[PDB]
Structures are given as C-alpha cells and as structure tokens.
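Engineer: work.pdb is reproduced below (PDB, C-alpha atoms).
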```
MODEL        1
ATOM      1  CA  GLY A   1     170.612 115.409 128.119  1.00  0.00           C
ATOM      2  CA  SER A   2     171.367 114.566 131.747  1.00  0.00           C
ATOM      3  CA  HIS A   3     170.136 118.040 132.675  1.00  0.00           C
ATOM      4  CA  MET A   4     166.932 119.682 131.464  1.00  0.00           C
ATOM      5  CA  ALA A   5     168.604 123.095 131.279  1.00  0.00           C
ATOM      6  CA  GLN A   6     165.282 124.909 130.879  1.00  0.00           C
ATOM      7  CA  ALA A   7     163.597 127.898 132.511  1.00  0.00           C
ATOM      8  CA  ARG A   8     161.426 127.083 135.521  1.00  0.00           C
ATOM      9  CA  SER A   9     158.169 128.896 136.203  1.00  0.00           C
ATOM     10  CA  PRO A  10     157.917 130.490 139.716  1.00  0.00           C
ATOM     11  CA  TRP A  11     154.403 129.073 140.051  1.00  0.00           C
ATOM     12  CA  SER A  12     156.127 125.722 140.587  1.00  0.00           C
ATOM     13  CA  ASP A  13     156.582 126.598 144.258  1.00  0.00           C
ATOM     14  CA  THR A  14     154.775 129.002 146.574  1.00  0.00           C
ATOM     15  CA  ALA A  15     158.088 130.139 148.049  1.00  0.00           C
ATOM     16  CA  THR A  16     159.400 131.098 144.613  1.00  0.00           C
ATOM     17  CA  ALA A  17     156.110 132.697 143.590  1.00  0.00           C
ATOM     18  CA  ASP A  18     156.071 134.801 146.744  1.00  0.00           C
ATOM     19  CA  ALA A  19     159.589 136.099 146.139  1.00  0.00           C
ATOM     20  CA  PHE A  20     158.833 136.709 142.468  1.00  0.00           C
ATOM     21  CA  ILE A  21     155.865 138.911 143.294  1.00  0.00           C
ATOM     22  CA  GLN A  22     157.797 140.734 146.027  1.00  0.00           C
ATOM     23  CA  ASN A  23     160.645 141.780 143.747  1.00  0.00           C
ATOM     24  CA  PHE A  24     158.307 142.066 140.773  1.00  0.00           C
ATOM     25  CA  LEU A  25     156.158 144.712 142.409  1.00  0.00           C
ATOM     26  CA  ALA A  26     159.226 146.480 143.776  1.00  0.00           C
ATOM     27  CA  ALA A  27     160.691 146.790 140.281  1.00  0.00           C
ATOM     28  CA  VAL A  28     157.420 148.121 138.868  1.00  0.00           C
ATOM     29  CA  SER A  29     157.000 150.598 141.722  1.00  0.00           C
ATOM     30  CA  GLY A  30     160.664 151.575 141.522  1.00  0.00           C
ATOM     31  CA  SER A  31     160.212 152.707 137.927  1.00  0.00           C
ATOM     32  CA  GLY A  32     157.718 155.274 139.200  1.00  0.00           C
ATOM     33  CA  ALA A  33     155.730 154.727 135.995  1.00  0.00           C
ATOM     34  CA  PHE A  34     152.630 153.969 138.052  1.00  0.00           C
ATOM     35  CA  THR A  35     151.340 155.760 141.149  1.00  0.00           C
ATOM     36  CA  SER A  36     150.570 154.132 144.493  1.00  0.00           C
ATOM     37  CA  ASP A  37     146.916 153.705 143.526  1.00  0.00           C
ATOM     38  CA  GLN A  38     147.751 151.925 140.271  1.00  0.00           C
ATOM     39  CA  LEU A  39     150.465 149.902 141.999  1.00  0.00           C
ATOM     40  CA  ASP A  40     147.982 148.817 144.658  1.00  0.00           C
ATOM     41  CA  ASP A  41     145.641 147.495 141.963  1.00  0.00           C
ATOM     42  CA  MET A  42     148.472 145.423 140.500  1.00  0.00           C
ATOM     43  CA  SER A  43     149.721 144.624 144.006  1.00  0.00           C
ATOM     44  CA  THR A  44     146.583 143.106 145.545  1.00  0.00           C
ATOM     45  CA  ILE A  45     146.723 140.540 142.754  1.00  0.00           C
ATOM     46  CA  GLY A  46     149.863 139.151 144.365  1.00  0.00           C
ATOM     47  CA  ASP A  47     147.932 138.169 147.485  1.00  0.00           C
ATOM     48  CA  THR A  48     145.140 136.624 145.419  1.00  0.00           C
ATOM     49  CA  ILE A  49     147.615 134.622 143.347  1.00  0.00           C
ATOM     50  CA  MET A  50     149.257 133.202 146.462  1.00  0.00           C
ATOM     51  CA  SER A  51     145.871 132.404 147.975  1.00  0.00           C
ATOM     52  CA  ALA A  52     144.922 130.344 144.931  1.00  0.00           C
ATOM     53  CA  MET A  53     148.251 128.526 145.107  1.00  0.00           C
ATOM     54  CA  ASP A  54     147.546 127.462 148.682  1.00  0.00           C
ATOM     55  CA  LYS A  55     143.965 126.477 147.885  1.00  0.00           C
ATOM     56  CA  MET A  56     145.038 124.378 144.915  1.00  0.00           C
ATOM     57  CA  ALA A  57     148.068 123.005 146.745  1.00  0.00           C
ATOM     58  CA  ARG A  58     145.662 121.707 149.371  1.00  0.00           C
ATOM     59  CA  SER A  59     144.152 119.268 146.871  1.00  0.00           C
ATOM     60  CA  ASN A  60     146.068 119.230 143.587  1.00  0.00           C
ATOM     61  CA  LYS A  61     149.405 118.567 141.888  1.00  0.00           C
ATOM     62  CA  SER A  62     151.768 120.076 139.323  1.00  0.00           C
ATOM     63  CA  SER A  63     149.691 120.481 136.168  1.00  0.00           C
ATOM     64  CA  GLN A  64     150.186 122.339 132.891  1.00  0.00           C
ATOM     65  CA  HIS A  65     146.643 123.693 133.098  1.00  0.00           C
ATOM     66  CA  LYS A  66     147.172 124.890 136.647  1.00  0.00           C
ATOM     67  CA  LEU A  67     150.339 126.713 135.632  1.00  0.00           C
ATOM     68  CA  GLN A  68     148.576 128.294 132.661  1.00  0.00           C
ATOM     69  CA  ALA A  69     145.622 129.321 134.811  1.00  0.00           C
ATOM     70  CA  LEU A  70     147.912 131.233 137.159  1.00  0.00           C
ATOM     71  CA  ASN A  71     149.650 132.958 134.250  1.00  0.00           C
ATOM     72  CA  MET A  72     146.344 133.883 132.627  1.00  0.00           C
ATOM     73  CA  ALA A  73     144.932 135.103 135.931  1.00  0.00           C
ATOM     74  CA  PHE A  74     147.808 137.544 136.369  1.00  0.00           C
ATOM     75  CA  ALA A  75     147.743 138.668 132.734  1.00  0.00           C
ATOM     76  CA  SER A  76     143.997 139.271 132.929  1.00  0.00           C
ATOM     77  CA  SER A  77     144.434 141.380 136.051  1.00  0.00           C
ATOM     78  CA  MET A  78     147.001 143.562 134.324  1.00  0.00           C
ATOM     79  CA  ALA A  79     144.840 143.894 131.211  1.00  0.00           C
ATOM     80  CA  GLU A  80     141.736 144.986 133.120  1.00  0.00           C
ATOM     81  CA  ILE A  81     143.865 147.476 135.049  1.00  0.00           C
ATOM     82  CA  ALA A  82     145.685 148.786 131.982  1.00  0.00           C
ATOM     83  CA  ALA A  83     142.243 149.426 130.520  1.00  0.00           C
ATOM     84  CA  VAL A  84     142.106 152.604 132.614  1.00  0.00           C
ATOM     85  CA  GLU A  85     145.258 153.940 130.989  1.00  0.00           C
ATOM     86  CA  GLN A  86     144.006 152.615 127.637  1.00  0.00           C
ATOM     87  CA  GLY A  87     144.332 155.353 125.031  1.00  0.00           C
ATOM     88  CA  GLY A  88     146.917 157.528 123.291  1.00  0.00           C
ATOM     89  CA  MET A  89     149.085 156.712 120.281  1.00  0.00           C
ATOM     90  CA  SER A  90     151.683 154.931 122.429  1.00  0.00           C
ATOM     91  CA  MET A  91     151.258 151.778 124.494  1.00  0.00           C
ATOM     92  CA  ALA A  92     154.834 150.474 124.668  1.00  0.00           C
ATOM     93  CA  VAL A  93     155.404 152.394 127.899  1.00  0.00           C
ATOM     94  CA  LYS A  94     152.613 151.564 130.335  1.00  0.00           C
ATOM     95  CA  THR A  95     153.045 147.904 129.448  1.00  0.00           C
ATOM     96  CA  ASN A  96     156.826 148.003 129.203  1.00  0.00           C
ATOM     97  CA  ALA A  97     157.093 149.548 132.647  1.00  0.00           C
ATOM     98  CA  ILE A  98     155.285 146.617 134.275  1.00  0.00           C
ATOM     99  CA  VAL A  99     156.746 144.008 131.924  1.00  0.00           C
ATOM    100  CA  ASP A 100     160.264 145.263 132.619  1.00  0.00           C
ATOM    101  CA  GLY A 101     159.664 144.248 136.222  1.00  0.00           C
ATOM    102  CA  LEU A 102     159.438 140.653 135.009  1.00  0.00           C
ATOM    103  CA  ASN A 103     163.028 140.730 133.752  1.00  0.00           C
ATOM    104  CA  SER A 104     164.260 142.240 137.007  1.00  0.00           C
ATOM    105  CA  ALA A 105     162.201 139.797 139.054  1.00  0.00           C
ATOM    106  CA  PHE A 106     163.780 136.812 137.315  1.00  0.00           C
ATOM    107  CA  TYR A 107     167.268 138.145 137.924  1.00  0.00           C
ATOM    108  CA  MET A 108     166.581 138.937 141.573  1.00  0.00           C
ATOM    109  CA  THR A 109     164.961 135.540 142.057  1.00  0.00           C
ATOM    110  CA  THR A 110     167.754 133.757 140.176  1.00  0.00           C
ATOM    111  CA  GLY A 111     169.999 136.074 138.198  1.00  0.00           C
ATOM    112  CA  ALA A 112     169.103 135.180 134.613  1.00  0.00           C
ATOM    113  CA  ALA A 113     166.729 136.984 132.256  1.00  0.00           C
ATOM    114  CA  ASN A 114     163.995 135.122 130.380  1.00  0.00           C
ATOM    115  CA  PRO A 115     162.923 137.176 127.314  1.00  0.00           C
ATOM    116  CA  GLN A 116     161.425 134.020 125.814  1.00  0.00           C
ATOM    117  CA  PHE A 117     158.682 134.090 128.440  1.00  0.00           C
ATOM    118  CA  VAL A 118     158.489 137.875 128.815  1.00  0.00           C
ATOM    119  CA  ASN A 119     157.450 138.360 125.188  1.00  0.00           C
ATOM    120  CA  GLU A 120     154.764 135.720 125.685  1.00  0.00           C
ATOM    121  CA  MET A 121     153.418 137.539 128.734  1.00  0.00           C
ATOM    122  CA  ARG A 122     152.949 140.717 126.701  1.00  0.00           C
ATOM    123  CA  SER A 123     151.078 138.782 124.017  1.00  0.00           C
ATOM    124  CA  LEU A 124     148.724 137.364 126.647  1.00  0.00           C
ATOM    125  CA  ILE A 125     147.872 140.868 127.837  1.00  0.00           C
ATOM    126  CA  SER A 126     147.070 141.957 124.287  1.00  0.00           C
ATOM    127  CA  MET A 127     144.836 138.924 123.764  1.00  0.00           C
ATOM    128  CA  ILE A 128     142.797 140.008 126.782  1.00  0.00           C
ATOM    129  CA  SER A 129     142.341 143.546 125.502  1.00  0.00           C
ATOM    130  CA  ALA A 130     141.454 142.318 122.024  1.00  0.00           C
ATOM    131  CA  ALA A 131     138.843 139.953 123.438  1.00  0.00           C
ATOM    132  CA  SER A 132     137.106 142.791 125.285  1.00  0.00           C
ATOM    133  CA  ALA A 133     133.587 141.309 125.313  1.00  0.00           C
ATOM    134  CA  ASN A 134     131.128 143.621 127.040  1.00  0.00           C
ATOM    135  CA  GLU A 135     129.150 141.533 129.522  1.00  0.00           C
ATOM    136  CA  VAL A 136     125.598 142.888 129.413  1.00  0.00           C
ATOM    137  CA  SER A 137     124.976 141.080 132.693  1.00  0.00           C
ATOM    138  CA  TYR A 138     127.494 143.346 134.419  1.00  0.00           C
TER     139      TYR A 138
ENDMDL
END
```
Could you write out this structure as structure tokens?
Structural biologist:
Amino acid sequence: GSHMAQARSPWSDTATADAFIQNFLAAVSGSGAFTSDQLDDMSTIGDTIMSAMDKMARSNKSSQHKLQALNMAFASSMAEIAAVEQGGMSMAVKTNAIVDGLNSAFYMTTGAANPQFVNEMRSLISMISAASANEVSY
C-alpha cells in the first residue's frame, strides 16, 4: 500500500504528546469523576512524561522500546494512583472515567477514535495491579 494508513502514537513527537496530555487531562477532569487532588496525581505525570521525552530526544531516536517505555510509565502511574480507590465490587468506573479521556484526546488531537489501543491501555493497567509485588525494601 502506498499509504500506511495506521494509527500513530503521540509519543512520536513531543508536540503531539504535549497536546495529547493537555486534552487528555481536561477530558478526565471534565468528567468530574476524580477530584482536584486525584487529578493532580494523574496530572503531574504529564510533566514527567514530557521531561523524559526531552531527555531521551537529546540522545536517542525513534525506538519501539522507547515508545513502550513511555506507555508503560503512564500506565504504571495510573495503576499506583488507582490503588487508592482500589476496592468495591465495581471497577469499570474509576478506570473508565480516565480511559474515556483517551478516546476524547485522540479526537481532539486528530478527530478519530482508537479503541484498538484504548483496550490495550486498560489491560496494561490491570497487569500492573495484578503484579503488585510488595517491596520489603520500601
């Protein structure tokens, strides 16, 4: 095919990543599902993610591992944060509220939804919670 015609990760460019986080957080906050305190916890991660992008961009190039690392870093942050809300018989709300922001973020950034990647993101979060692993060191 002359054209790839495939979804492009925002981590590809810092400009795209910045916009993604901006609208992403706005969508999550807009839902009102999480308070300012909880939003801040999932907001500060945006700055950290961008910082890493600049640090890596200084001496690095487009790599599958690099892209995965960024995705895992964000998923891990959400998992550790969601741990606080962990509990109850329902969990398709606290996660859906934040995840839903991903769909809105993609549209705002471009205008097309990407459920193929959204479902994967949710799975990554679950993998983190399942792993748990209580570090005796800390």
Engineer: For the structure shown, which residues end up in the PyMOL selection byres ((chain A and resi 24) around 10)? Put them as a count of residues only, please?
Structural biologist: 25
Engineer: Can you tell me, as a PDB file with C-alpha atoms, in the coordinates of the input, what residues are no more than 10 Å from residue 85 (chain A) when counting all atoms listed in the file, ignoring any on the same chain fewer than 4 positions away?
Structural biologist:
```pdb
ATOM      1  CA  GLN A  38     147.751 151.925 140.271  1.00  0.00           C
ATOM      2  CA  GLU A  80     141.736 144.986 133.120  1.00  0.00           C
ATOM      3  CA  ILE A  81     143.865 147.476 135.049  1.00  0.00           C
ATOM      4  CA  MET A  91     151.258 151.778 124.494  1.00  0.00           C
ATOM      5  CA  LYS A  94     152.613 151.564 130.335  1.00  0.00           C
ATOM      6  CA  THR A  95     153.045 147.904 129.448  1.00  0.00           C
TER       7      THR A  95
END
```
Engineer: When the PyMOL selection byres ((chain A and resi 129) around 9) is applied to the file above, which residues end up in the set, as a list in words?
Structural biologist: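 Evaluating the PyMOL selection byres ((chain A and resi 129) around 9) on these coordinates yields residues 76, 79, 80, 82, 83, 124, 125, 126, 127, 128, 130, 131 and 132 of chain A.
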Engineer: Name the residues within 6 Å of (146.2, 130.5, 140.7), counting all atoms listed in the file in the file's coordinates, and put them as a list in words.
Structural biologist: residues 49, 52, 53 and 70 of chain A
Engineer: Just the number, please: distance in Å from CA of residue 97 (chain A) to CA of residue 12 (chain A), one decimal.
Structural biologist: 25.1 Å
Engineer: When distances are computed from only C-alpha atoms, which of A:36, A:5, A:114, A:42 shows the smallest separation from residue 75 (chain A)?
Structural biologist: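 Result for the nearest residue to residue 75 (chain A): A:42.
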Engineer: Counting all atoms listed in the file, which of A:61, A:137, A:71, A:84 gets nearest to residue 37 (chain A)?
Structural biologist: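 Comparing A:61, A:137, A:71, A:84 against residue 37 (chain A), the winner is A:84.
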Engineer: Pick from A:136, A:50, A:17, A:93: nearest to residue 33 (chain A), with only C-alpha atoms counted?
Structural biologist: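 Nearest to residue 33 (chain A): A:93.
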Engineer: Ranking A:32, A:45, A:57, A:39 by minimum distance to residue 13 (chain A) and counting all atoms listed in the file, which one comes first?
Structural biologist: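 Among the listed residues, the smallest separation from residue 13 (chain A) belongs to A:57.
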Engineer: Region 109-123 of chain A, all listed atoms, 8 Å padding on each side: what axis-aligned box centre and edge lengths in Å to one decimal come out, as AutoDock Vina command-line options?
Structural biologist:
```
--center_x 160.5 --center_y 137.2 --center_z 133.0 --size_x 34.9 --size_y 23.0 --size_z 34.0
```
Engineer: Here is a test: counting only C-alpha atoms, which residue of A:110, A:116, A:96, A:9 is nearest to residue 34 (chain A)?
Structural biologist: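 Looking at the shortest contact to residue 34 (chain A), the residue is A:96.
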Engineer: One number please: CA of residue 92 (chain A) to CA of residue 8 (chain A), in Å, one decimal.
Structural biologist: 26.6 Å
Engineer: Would you work out the distance separating CA of residue 47 (chain A) from CA of residue 117 (chain A), expressed in Å to one decimal?
Structural biologist: 22.2 Å
